[PDB]
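No lab work stands behind these numbers, since they all come straight from the coordinates. As a convention, Cβ positions derive from the backbone with ideal geometry for all residues, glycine included, and neighbour counts pool all protein chains shown.
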Amino acid sequence: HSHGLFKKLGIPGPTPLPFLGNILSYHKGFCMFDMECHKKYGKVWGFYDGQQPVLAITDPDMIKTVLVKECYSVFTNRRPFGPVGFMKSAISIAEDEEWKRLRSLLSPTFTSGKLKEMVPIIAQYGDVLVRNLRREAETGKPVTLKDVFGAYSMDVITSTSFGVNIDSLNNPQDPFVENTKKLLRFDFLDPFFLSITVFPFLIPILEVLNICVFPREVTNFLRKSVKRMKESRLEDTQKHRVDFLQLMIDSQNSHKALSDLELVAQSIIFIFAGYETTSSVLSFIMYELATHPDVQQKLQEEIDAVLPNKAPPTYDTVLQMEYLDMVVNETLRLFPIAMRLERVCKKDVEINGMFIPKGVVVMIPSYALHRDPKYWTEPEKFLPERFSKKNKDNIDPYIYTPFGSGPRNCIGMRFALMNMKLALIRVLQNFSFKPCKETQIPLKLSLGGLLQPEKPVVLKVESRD
Ligand code: HEM
């Protein structure tokens, strides 16, 4: 019962109930709870996830000392979350020294160089998306974005980690599409995870019963999948391509190296971390564009000016589109799908005047901060202008953090950005998007612990001649 803590330190917050902490307050989701506390406790506050104390911070400098300055020594890990199994060694779950080794070994995977080399691969599935989406534009019945984009997203993950070239959308069956599909990001407000937070003592029990938040079904398949390919597939050499797996294998053959269990776990996590995030953001971007016909027109003019007569998109060409970048960034402001960044304080400290005791989870409420009236004129509005070179000097890099910051930010950032824009450039060269009847306006965020549409986005899709 650390419920005494925040008053003992003099830190404001809502009143915990015995056992539950402040969880009952999650009935309206992480984001709405965060915005409420901000409005009423000011710069910093505390609360309890069961008996787990969590201190929220909104100070640009404070946030930076945590994410940047003192990542290495004090604020290195995220909070443990459930029985994790062999995935305990995935880079985004790993901790302290184990984590640093992996971050180092996997860094070259996401180089500028290696990114450029993957353009021809992912571009090839831009084509396929178009081909596909076209079919629906003829059908004239409203499109489901999460489905069209999920396909695209899966298509791109598979190929860029050993080239498993599959049209997911039309191959509803293939063993490989089915397993991966089931790799859905976790809802830390579902019945299961709510119980884990209140009875965290129940975790070691589950670990001993070989139960795991990553279903046995999918991970088994994948290890046994990666199995055949990793050796006895490319054990014949020739036509070596660029993909995360080879990239990781190449460091397997001459604090170095990756084990045959650690490599399987990164492979899985990349999917987990990339699959639904990419597809979701892309839905939010298409939503914004359809409910803002103007911005879409502006965007299609830029694309056409840079890439005349449907010319195929490229690396250098993509880094050159400033309005595209603006639209992507605005969308992320409004829908920063991680919602919060979190670090566990490993030892007593004081940071710009405020003392953090060992064991507290320090939490930065991204969704809140992105909508804070202090930094944003018209917070709730979709306005890409906000991110023009003529203004970007006015956005604070520790208020706007859709991919986090410091040494433990999204290692897949440049790749996510490039991949998404590629999808957009090709989709927008060919079609336009339009609100439907079944389109929700204004859209409504879920009650869950995911940032996602309450009801999946469906839009009218019109071809360009
Ligand atoms: C647009 C979709 C995506 C968004 C919004 C996104 C956002 C983030 C955020 C906010 C974090 C936490 C950073 C922190 O703790 O401060 C993160 C971590 C991470 N992301 Fe991304 N991400 C996206 C796609 C990706 C992709 C495509 C990959 C790689 C394939 C990726 C791999 C990771 C990994 C491995 C971590 C943990 C890094 C570490 O602990 O060293 N995510 N992501």
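Scanning segment 186-216 for residues that are out of contact with any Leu (no Cβ under 7 Å at 6 or more places or on another chain) and in a loop (DSSP other than H, G, I, E, B) yields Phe186, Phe188, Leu189, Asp190, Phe199, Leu209, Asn210, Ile211, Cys212, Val213, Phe214, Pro215. Residues in segment 395-405 that are near the ligand (Cβ under 7 Å from one of its atoms) and of a type outside the set (S, T, N, Q): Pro402, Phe403, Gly404.
Number of residues in segment 62-120 that are touching a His at 6+ places or on another chain (Cβ under 9 Å) and of a type in the set (A, V, I, L, M) equals 1.
Listed here are the residues, each with its yes/no results for (1) touching a helix residue (DSSP H, G or I) at 6+ places or on another chain (Cβ under 8 Å); (2) within 16 Å of the ligand (Cβ to nearest atom); (3) in a loop (DSSP other than H, G, I, E, B).
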{"site": "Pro407", "(1), (2), (3)": "yes, yes, no"}
{"site": "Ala416", "(1), (2), (3)": "yes, yes, no"}
{"site": "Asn419", "(1), (2), (3)": "yes, yes, no"}
{"site": "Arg426", "(1), (2), (3)": "yes, no, no"}
{"site": "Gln429", "(1), (2), (3)": "yes, no, no"}
{"site": "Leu443", "(1), (2), (3)": "yes, no, yes"}
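Restricting to segment 361-376, and then to whatever is in a loop (DSSP other than H, G, I, E, B) and more than 19 Å from the chain's Cα centre (by Cα), can you tell me which residue is nearest to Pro53 (Cα to Cα)? Don't jump to the end; show me each part of the working.
Kept after step one, since they are in a loop (DSSP other than H, G, I, E, B), are these residues of segment 361-376: 365, 370-376.
Keeping just the survivors that are more than 19 Å from the chain's Cα centre (by Cα) gives 372-376.
Numbers: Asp372: 24, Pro373: 27, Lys374: 27, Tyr375: 28, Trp376: 30 Å.
Result: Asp372.
Quick check on segment 243-261: of everything there that is among the hydrophobic types (A, V, I, L, M, F, W, C) and touching a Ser or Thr at 6+ places or on another chain (Cβ under 8 Å), which residue is farthest from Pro175 (Cα to Cα)? Looking at the filtered set, the residue picked out is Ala257.
Residues in segment 320-339 that are within 11 Å of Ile285 (Cα to Cα) and within 11 Å of the ligand (Cβ to nearest atom): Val328, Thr331, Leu332, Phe335.
Screening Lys346 against (1) under 22 Å from the mean Cα position of the chain (by Cα); (2) within 16 Å of the ligand (Cβ to nearest atom) leaves a single unmet condition, (1).
In segment 163-188, the residue that is farthest from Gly82 (Cα to Cα) out of those that are within 14 Å of the ligand (Cβ to nearest atom) and either surrounded by fewer than 20 Cβ atoms within 10 Å (Cβ to Cβ) or more than 17 Å from the chain's Cα centre (by Cα) (or both) is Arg185. Quick one: would you say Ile211 is of a type in the set (A, V, I, L, M), surrounded by fewer than 15 Cβ atoms within 10 Å (Cβ to Cβ) and under 27 Å from the mean Cα position of the chain (by Cα)? Taking the combined requirement at face value, the residue satisfies it. The residues of segment 234-288 that are in a loop (DSSP other than H, G, I, E, B) and either among the aromatic types (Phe, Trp, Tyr) or under 20 Å from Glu97 (Cα atoms) (or both), listed by number, are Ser251, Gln252, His255, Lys256, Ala257, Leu258, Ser259, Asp260, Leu261.
Which ones in segment 50-63 are buried (at least 18 other Cβ atoms within 10 Å of the Cβ) and in a helix (DSSP H, G or I)? Passing the criteria: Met62, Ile63.
Every residue, every condition in (1) closer than 25 Å to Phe382 by Cα; (2) among the basic types (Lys, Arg), yes or no:
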{"site": "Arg228", "(1), (2)": "no, yes"}
{"site": "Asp243", "(1), (2)": "no, no"}
{"site": "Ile249", "(1), (2)": "no, no"}
{"site": "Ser267", "(1), (2)": "no, no"}
{"site": "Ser279", "(1), (2)": "yes, no"}
{"site": "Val295", "(1), (2)": "yes, no"}
{"site": "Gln300", "(1), (2)": "yes, no"}
{"site": "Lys310", "(1), (2)": "no, yes"}
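Say we look at segment 427-465 and pick out the residues that are among the aliphatic types (A, V, I, L, M) and crowded, with 20+ Cβ neighbours inside 10 Å; which of these is farthest from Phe335 (Cα to Cα)? Result: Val461. Here are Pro312, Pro379: which of them is under 18 Å from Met418 (Cα atoms) and outside any helix (DSSP H, G or I)? Of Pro312, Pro379, the one residue that is under 18 Å from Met418 (Cα atoms) and outside any helix (DSSP H, G or I) is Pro312. Here the helices (runs of 4 or more DSSP H) wholly within segment 69-149 that include at least 1 residues being polar (S, T, N, Q) and either over 22 Å from the mean Cα position of the chain (by Cα) or buried (at least 17 other Cβ atoms within 10 Å of the Cβ) (or both) are 119-139.
Is it the case, given these coordinates, that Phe47 is part of a helix (DSSP H, G or I), surrounded by 18 or more Cβ atoms within 10 Å (Cβ to Cβ), of a type in the set (A, V, I, L, M, F, W, C) and more than 24 Å from the chain's Cα centre (by Cα)? No. The set of residues from segment 150-162 being of a type in the set (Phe, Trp, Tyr) and buried (at least 23 other Cβ atoms within 10 Å of the Cβ) comprises just one member, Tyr152. Screening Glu301 against (1) of a type in the set (D, E, K, R); (2) farther than 26 Å from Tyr315 by Cα; (3) surrounded by fewer than 18 Cβ atoms within 10 Å (Cβ to Cβ) leaves a single unmet condition, (2). Can you find a residue that is touching an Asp or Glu at 6+ places or on another chain (Cβ under 8 Å), within 16 Å of the ligand (Cβ to nearest atom) and closer than 27 Å to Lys100 by Cα anywhere in segment 368-387? No, the conditions are met nowhere in segment 368-387.
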